[PDB]
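You are given structure tokens for the same protein chain in two forms, set apart as structure 1 and structure 2.
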Structure 1
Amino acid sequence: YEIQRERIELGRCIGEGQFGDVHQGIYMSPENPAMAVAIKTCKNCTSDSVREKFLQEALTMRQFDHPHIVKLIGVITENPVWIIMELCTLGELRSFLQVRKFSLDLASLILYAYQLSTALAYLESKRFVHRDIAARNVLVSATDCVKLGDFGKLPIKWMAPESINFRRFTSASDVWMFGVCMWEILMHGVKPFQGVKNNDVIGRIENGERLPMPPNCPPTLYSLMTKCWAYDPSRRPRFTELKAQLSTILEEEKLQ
């Protein structure tokens, strides 16, 4: 997985990353003389603590092989440290949804939720807990293909109650977060709890308040969201059920 720096042509910045800017570029490889790639950079990689955290994402990514999880291409582990990844040419999901709010039909939004559930069911099958499921961590590879894109203060507005209260992350907590991610998609990439301080979030959850049904959201789908937000983690569905239900909802929507 170590790539020679001279084989990478760094191009335009395409986005911001948790550790630094993400660029597109070209990998001049023996396999392929001009492969389009994403290049993740890391400001302050000269610090061993930071670099270790950054490069851990690549190690994590390497373990996964799924149509809806972005692939690792390689790494450059001398300063400046880069992670070379598959390029998802349509960018971040939130931006994509806001820009295309009035081009994208309901069936597309539902397809994206389904595709993400297939990735999360795969992670669940490997007993991997993601801990940060949210629309900001999803990339768009084509108008009919999204990928889970990021496995790197606290995202309180996405977190399950038990996660906020007791810093507890489990497969059940991921499902709560997926519920919120589904809400985001159906809202065309609006953030949950806008205009609310991170500190008042838990108060409302405990009070039994949930994010409201998005406009034009099918009742079947909102009800699935609501199941994801059962306060008791043990009553939340698993991704196998979410995937199967999303598949049926997607089909019904296509029959419209």
Structure 2
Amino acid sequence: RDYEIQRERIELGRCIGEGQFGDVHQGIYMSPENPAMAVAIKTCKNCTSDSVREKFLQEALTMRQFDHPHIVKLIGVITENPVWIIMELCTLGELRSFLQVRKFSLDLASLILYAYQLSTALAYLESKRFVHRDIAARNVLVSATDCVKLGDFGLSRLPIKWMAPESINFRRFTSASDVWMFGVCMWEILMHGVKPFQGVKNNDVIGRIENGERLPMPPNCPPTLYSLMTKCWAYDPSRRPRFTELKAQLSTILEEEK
């Protein structure tokens, strides 16, 4: 309907991060007669200028296009300076940090759930023929112990250690290259938020990948799941599963593990 939001309904709280345009805050959106809603608020430092402001607001319009359980939904915008983008809060924060500290509290079944949930989101985006370009555990947020979501697409934006070979060599970015990225993210999750190619330099990654080196099997990851990953890492983009195939396969792998 109308995504314009009155500023007086928003109560800005603590900073939770930074993006290219300004800090990101959590906060509350209040409405007469209805419960308070937790939100995240992107602020923009340089919005007075029309060119920055139009770049900033284009990020809300990008999120406006999507409607899916496992992608953050846009709530509204405030267009009067300072300009703010209001999104839904995932109140448990970023996936990686969540995974490091909740290691002894989650099982393998939970981790495969996250991968299945992210795949539904990414298939959805594949059916809309949208190309993310920045899949990585660092860009996934936690709404509940059983619910993760792709974060704000604008806050997600070279991520050499996540990128397909064609992405690095030719700046080609397709749904197939998203499938590669997703496999690195899936590895990250079975690794509880460990980063790929820790200690390796960015300019050497493409060589190690050209030679055929691949991220190893994570401790206590089922072989059928790692098999799935290595297929996302096929050098030939044509031989990488589509997100619809990944969703179906992960659904089976989850069913078996639970």
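For clarity, a rigid core is taken as the largest C-alpha set superposing within 1.5 Å between two forms. Start at 1 and count along the sequence of structure 1; that gives the residue numbers used here.
- After superposition on the rigid core, the Cα of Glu78 moves by 2 Å or more between the two structures.
- After superposition on the rigid core, displacement of the C-alpha of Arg51 between the two structures amounts to 2 Å or more.
- Rigid-part rotation between the two structures: 13° for the smaller part relative to the larger (C-alpha based, whole degrees).
- Superposing the two forms on their core, we find that the Cα atom of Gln18 is displaced by 4.7 Å between the two structures.
- Here the rigid core is superposed, and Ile8 then shows its C-alpha moved by 1.4 angstrom between the two structures.
- Comparing between the two structures on a rigid core frame, one finds that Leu211 has its C-alpha moved by 0.1 Å.
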